[PDB]
Amino acid sequence: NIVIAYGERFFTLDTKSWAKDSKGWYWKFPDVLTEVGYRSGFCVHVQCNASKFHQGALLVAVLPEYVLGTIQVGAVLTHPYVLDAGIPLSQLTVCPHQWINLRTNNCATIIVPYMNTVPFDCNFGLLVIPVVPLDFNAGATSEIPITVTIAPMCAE
Amino acid sequence: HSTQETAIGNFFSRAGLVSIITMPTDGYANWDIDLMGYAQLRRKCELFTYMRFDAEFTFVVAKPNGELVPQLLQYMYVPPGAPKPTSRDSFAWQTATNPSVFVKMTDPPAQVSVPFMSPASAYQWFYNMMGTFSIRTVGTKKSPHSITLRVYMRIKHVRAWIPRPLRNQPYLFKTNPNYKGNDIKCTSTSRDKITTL
Amino acid sequence: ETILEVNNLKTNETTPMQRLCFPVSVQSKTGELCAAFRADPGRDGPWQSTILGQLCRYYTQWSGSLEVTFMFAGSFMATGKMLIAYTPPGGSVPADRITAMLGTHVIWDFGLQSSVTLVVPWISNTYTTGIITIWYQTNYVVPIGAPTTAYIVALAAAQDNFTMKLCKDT
Amino acid sequence: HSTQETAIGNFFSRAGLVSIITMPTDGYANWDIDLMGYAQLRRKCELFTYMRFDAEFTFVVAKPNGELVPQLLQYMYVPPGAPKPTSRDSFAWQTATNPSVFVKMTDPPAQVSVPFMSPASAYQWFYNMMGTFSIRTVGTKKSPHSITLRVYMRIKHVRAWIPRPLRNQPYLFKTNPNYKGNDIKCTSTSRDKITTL
Amino acid sequence: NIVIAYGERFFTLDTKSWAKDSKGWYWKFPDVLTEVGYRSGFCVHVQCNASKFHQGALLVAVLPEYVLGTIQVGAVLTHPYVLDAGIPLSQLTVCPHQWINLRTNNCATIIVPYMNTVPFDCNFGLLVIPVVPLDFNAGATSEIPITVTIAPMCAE
Amino acid sequence: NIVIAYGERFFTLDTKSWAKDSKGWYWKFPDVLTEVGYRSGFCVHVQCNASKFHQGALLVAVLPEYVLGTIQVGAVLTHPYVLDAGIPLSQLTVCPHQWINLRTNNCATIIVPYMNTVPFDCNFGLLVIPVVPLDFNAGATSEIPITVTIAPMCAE
């Protein structure tokens, strides 16, 4: 299910805890690898480990030149309906995206090439938004970990 | 039918008003060229991320009430990186590197094409300075006529990249895409029940 | 290759002939700094005296590679070593001879040669500063009869890939 | 990019103001054609020694304050070696060998091209008399309108020889490259020490 | 080390004494040979005799149509920074020039062809400017002679 | 004059001042490059800049497993006749050495390969000893700089 953006080692970040009242997380590229371990590509891998008794849906989607507005770990979104930038969540699928639905599949990876007006030079972001909230019964695990694995390609 | 009407070139045609300048009885104005000057042509330009085009201007000049008088004017274009005129009789009005036109009010309006003036390969709205215009009346005496004019701008040879979700919230400032946090209005309209068609 | 003015001090305004050469001497210790200057033709400084920095004032944007050629005007019986370091744009000025050797540099001994050419890789203008520092590698040794001080004249020229556009009247 | 912008033809383009003529209520002016009339276009022409080109003039004429009146004018060009008009109704105004144009003030301005009028192969600034212009109003009665105009000059087909160091000192006279001996200003800017970057 | 200007018998003048406070000398061509011994060329030779204990540098450079401004032996320059003409000394290398550095070489010769707007007709000058001053110790020779040798070519 | 030991980038250290009463300097390899900028080779270059009025002689020589005894800049030898190790200076030429005599040549370089009982693992030293002292007259330069240039080869 390899998706490539617009038809053209392995660093592992921290694990985010998908709670029942989570709103979303976003990471700025390539700032997330500037303290661990210009023209390059990227190969990100978003996967989560949940059982067959949990339900929910995530929406992982890259966003080039994602700027914010005033009201490695990544920040927590405050208003996930407008993404803190005025653009709606429902029209985010015009970007290269992937759906992480807990019923069928537990992996999502996006191939992102270089994209800038100047060939040599924060380029894009990565939003993970819980569209459908997590639901379970009493006694099950209250948190579901979400691991992000980034792999750079052809760095210059 | 064909799919010619929904092309990227015809979507940015039919040049509209981008500025209005009133010069009553200082004598000179300085209007910076900006696309995001109205509610229009800002939601349409924020659909994409990278744009590459040239400009095409027209200066329709008249009196505040209809009529025209035989007055000679000058529309000087300041390049990006050049000092602006700070007075009516400044030294910037005689600079040879700043191109200018000399038309009258009983003349059909000027047609000035401004090319792609960016050091990068395309414009960028989310992180240019295309230029500024300066309009004054010639002569060393104060002209006894109130002058007003409007500028229309066309966009030719449109090329777009990286489509973006459309803005549904009203704008507050013209530098950053800010919104109000006290309320979030819905994009769609609501109904009483989900079963009522 | 036209002459720069690296020695633009406040006391050289009365006698402007001393602005074309900066001196070396025997009493200077080793591992110390002699001179440092920016590598921008547009802005004011040492590049106002060259024909490259006077024709780029008629334009706005320029991009390309340059070269800086030094020339020794000392005695024939004198020898020594100098270090011509170049920092990349966006970095910092080096504090001693050790961290300046790790970057881009050339060892110039005037006991064998008389002119060294340092080529700047790329400059641009839309900070971008290309600071060239002159370090004392070894001390200035002379025999008896030879003069104690000498002078270095710095030249500057552009390469074949230095273009400019956006003409502007000063 | 290419190296077209730094050519010798585009370096002398974008025609600027070379003269300003005010004729209030004598009736005739005599303006000698000279390139070194302003601070501009003198430092740029002293970069070389031998220049060969032709001229291109434009006479933008108006009132001192904006407006235009239906008045007929005459711009007579005097060749090098011809007597200048010394009066308003002199015999030089009817000389057939001196070419002239007849335009009005409600007319788009005249476009006169003056060719290479030197007996040598190129002009020489360091050791020409390209010509003089004469502007008057037609008729045998005094026109009751103050007339002012400015002349713009383009330089086409530029060929240069023998590059020269650029002048960094201010000019005093317009015949010889003189400077003031009481002080010699530095070309570069000074700093406190040679080690301070 | 033959330099030709723009890529296209033997008269000997007097010897100038390079002092410690010398400013420069200039000769007007072809006026320098109008009393000793039109279209022609020129082949000038500037050489000096110094020991291996003297240091200094000279800048010999021709200058076509070199006119002066108001404040065979050749005159002495008063202000060598502006060359008594308003043009700077540091930009004089745009002309056909040569460096006489006392460390390595003691000769300099420039091939100058005919250059005028009219083919048949003072054309050019010749500036010798001590950029780096002469320095020596006590007991050495205080003056260094500078000899100019001019050779005309293909006179018409 | 390339000498190879037993027939089988460019880092530049500090410059040592050869005084009139200097005794000698020694550097420990490969400790001298552990803060600037295992199995490897070495290519060291020792050169000094002196005039034709100075006299003296240096003895550069590598010494594998040079241990000391109790009585980047390098330390100064206290007793250069016994090298602070009991071995004499006069028998140091059994090692790969080179003579830096100020009359003729001003350069010395030694090719040193890997030498240890175990192939993968301070290996050797580098003694510069002024056998003949520096002598000059009054007014000349009192110090002569000695520059050491080390070049590693085929590092594993």
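As written, the chains take the letters A, B, C, D, E and F, and residue 1 is the first residue of each chain.
Rule of thumb we're sticking to: a residue touches a chain if its C-beta (ideal position, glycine included) is under 8 Å from a C-beta of that chain, and two chains touch if they have at least 3 such contacts.
Undergrad: Pick the chain whose C-alpha centre of mass, unweighted, sits closest to the average of all protein C-alpha coordinates shown.
TA: Minimum centroid-to-centroid distance belongs to C.
Undergrad: Could you see whether B-C or C-D has the larger number of C-beta contact pairs?
TA: More contacting C-beta pairs are found at C-D.
Undergrad: Rounded to the nearest whole Å, what is the centre-to-centre distance of chain D and chain E, using the mean of the C-alpha atoms as each centre?
TA: Going by mean C-alpha positions, chain D sits 37 Å from chain E.
Undergrad: Quick one: chain A and chain F, Cα centre-to-centre, how many Å?
TA: Comparing mean C-alpha positions, chain F is 58 Å from chain A.
Undergrad: Report, in whole Å, the distance between the mean C-alpha point of chain D and the mean C-alpha point of chain F.
TA: About 75 Å separates the centre of chain D from that of chain F.
Undergrad: For chain E, give me the residues that contact two or more of the other chains.
TA: 81, 88, 90-92, 94, in rising order.
Undergrad: At least two partner chains per residue is the criterion; list those residues in chain C.
TA: Where chain C meets two or more other chains at a single residue, that happens at 5, 16, 49, 51, 54, 77, 146, 166-167, 169.
Undergrad: In chain B, which residues are in touch with two or more of the other chains?
TA: 95-97
Undergrad: Every pair of chains that touch: which are they?
TA: Applying the touch criterion to every chain pair yields A-B, B-C, B-D, C-D, C-E, C-F, D-E.
Undergrad: Quick check: in the complex, which residue numbers of chain B touch chain A?
TA: 49-50, 120-122, 124, 126-127, 162-169, 176-179, 181, 184, 187
Undergrad: Name, in rising order, each residue of chain E that touches chain D in their complex.
TA: 64-67, 69-71, 79, 81-82, 85-88, 90-92, 94, 115, 117-118
Undergrad: If you look only at chain D, which of its residues touch chain B in the complex?
TA: My answer: residues 14-17, 38, 40-41, 60, 62-69, 106, 109, 148.
Undergrad: Considering the complex alone, what residue numbers of chain C touch chain B?
TA: Touching chain B from chain C are residues 60-61, 126, 166-169.
Undergrad: For chain C, which residues are in contact with chain E within the complex?
TA: For chain C paired with chain E, touching residues are 1-5, 16-17, 20-21, 49-51, 54, 71-77, 114, 145-147, 149-151, 153, 155.
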